[PDB]
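Enquirer: So the sequence shown is numbered by the UniProt record's numbering: it starts at 4497 and just counts up by one.
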Amino acid sequence: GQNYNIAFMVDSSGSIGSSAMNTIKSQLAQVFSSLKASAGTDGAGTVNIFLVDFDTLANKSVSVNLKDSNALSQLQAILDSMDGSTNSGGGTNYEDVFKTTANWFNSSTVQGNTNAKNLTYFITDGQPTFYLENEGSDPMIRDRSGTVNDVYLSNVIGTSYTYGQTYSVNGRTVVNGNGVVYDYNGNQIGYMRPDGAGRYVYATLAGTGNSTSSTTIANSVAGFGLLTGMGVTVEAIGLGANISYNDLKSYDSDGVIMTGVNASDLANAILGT
Ligand SMILES: [Ca+2]
Ligand SMILES: [Ca+2]
Ligand SMILES: [Ca+2]
Ligand SMILES: [Ca+2]
Ligand SMILES: [Ca+2]
Ligand SMILES: [Ca+2]
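(1) Please work out which residues of its chain come closer than 7 Å, Cβ to Cβ, to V4670, disregarding the five sequence neighbours upstream and downstream, and give them in chain order.
(2) Between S4557 and the rest of its own chain, which residues show a CB-CB distance below 6 Å, the 5 nearest in sequence each way excluded?
(3) Can you list every residue whose CB sits closer than 5 Å to some heavy atom of ligand 4, going in chain order?
(4) Mind checking which residues open and close the alpha helix (DSSP H) that includes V4676?
(5) Judging by CA-CA distance, which residue of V4697, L4628, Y4680 is the nearest neighbour of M4688?
(6) Please state the DSSP three-state secondary structure of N4555.
(7) In angstroms, rounded to a whole number, what distance separates the CA positions of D4743 and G4751?
(8) Looking only at its own chain, which residues have a Cβ that is under 7 Å from the Cβ of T4582, when we skip the five neighbours before and after it?
(9) Mind listing, in chain order, the residues whose beta carbon lies closer than 5 Å to a non-hydrogen atom of ligand 1?
(10) Helix, strand or coil: which one does DSSP assign to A4525?
(11) Rounded to whole angstroms, what is the Cα-Cα separation between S4710 and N4666?
(12) Measure the C-alpha to C-alpha separation of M4726 and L4615 and round it to an integer number of angstroms.
(13) Straight-line CA distance for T4552 to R4668?
(14) Kindly list the residues whose CB is nearer than 8 Å to the CB of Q4684, restricted to its own chain and excluding five residues on each side of it in sequence; keep chain order.
(15) Touching or not, the region 4640 to 4651 and the region 4713 to 4733, by the rule of three or more beta carbon pairs under 8 Å?
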């Protein structure tokens, strides 16, 4: 009768490669099928599953209740959207996926599943290479002579930003439905991203996308604290040869961490641990 809210944060950055990505997709579908069976047994509690693909940013995500007959299909659509190829897989943004997932743990789905165990599996093959900065800041959208005619993002979105609403200045799109923010000249400047507290807030992409700095790590750890701060136990699983115990030490609740995991062992690593 134990209720569960279980998230899966899945790295599809370009370091993964399509071979590992395809195995990961197959293994996760097996995990979800096993969990579906467990959730269908007599006396089973409510099991919500959240699945998010991430690279340069978190991409598509879905939340399902495993009692529903389209639950595995909705998870499958997210798996199918994952591109981990070397050339189009993307960068590695821990901070954004942590905040996206923290937002789910603030959601009505999670809060409504009372007395639940909140669990997250973080599945990655490498250190972060992007992060977010300037969160909640107020960028210039249109700079004119003087100040009185300047347009800031705050003049566009006000105090009531709605994620998915399109915002414009003189018919020019400034915030699109996916939350991409542009200046008046059409240059992309930032994104309206999950803040880890249930909201969507301006941020800019930072980092090189192909290397890791102390700042990248510090921002990743800060984002992680928003996720654990919701009362979530995180299990970090390091795939392959390029992620060490120490690279996952900050992102795992109990310090018991599997690294060097082969993609073909992923389902067992999750289900049998
Ligand atoms: Ca990577
Ligand atoms: Ca790799
Ligand atoms: Ca990707
Ligand atoms: Ca940050
Ligand atoms: Ca000005
Ligand atoms: Ca652990």
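No residue lacks a Cβ here, since even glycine has one placed at the ideal position from N, Cα and C.
Expert: A quick look at the data gives this:
(1) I4637, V4652, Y4663, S4664, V4677, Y4678
(2) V4548
(3) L4628, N4715
(4) Unbroken run through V4676 is the beta strand (DSSP E), 4676 to 4678; no alpha helix (DSSP H).
(5) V4697
(6) strand
(7) 12 Å
(8) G4510, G4513
(9) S4509, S4511, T4588, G4622
(10) helix
(11) 41 Å
(12) 11 Å
(13) 26 Å
(14) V4676, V4677, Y4678
(15) no
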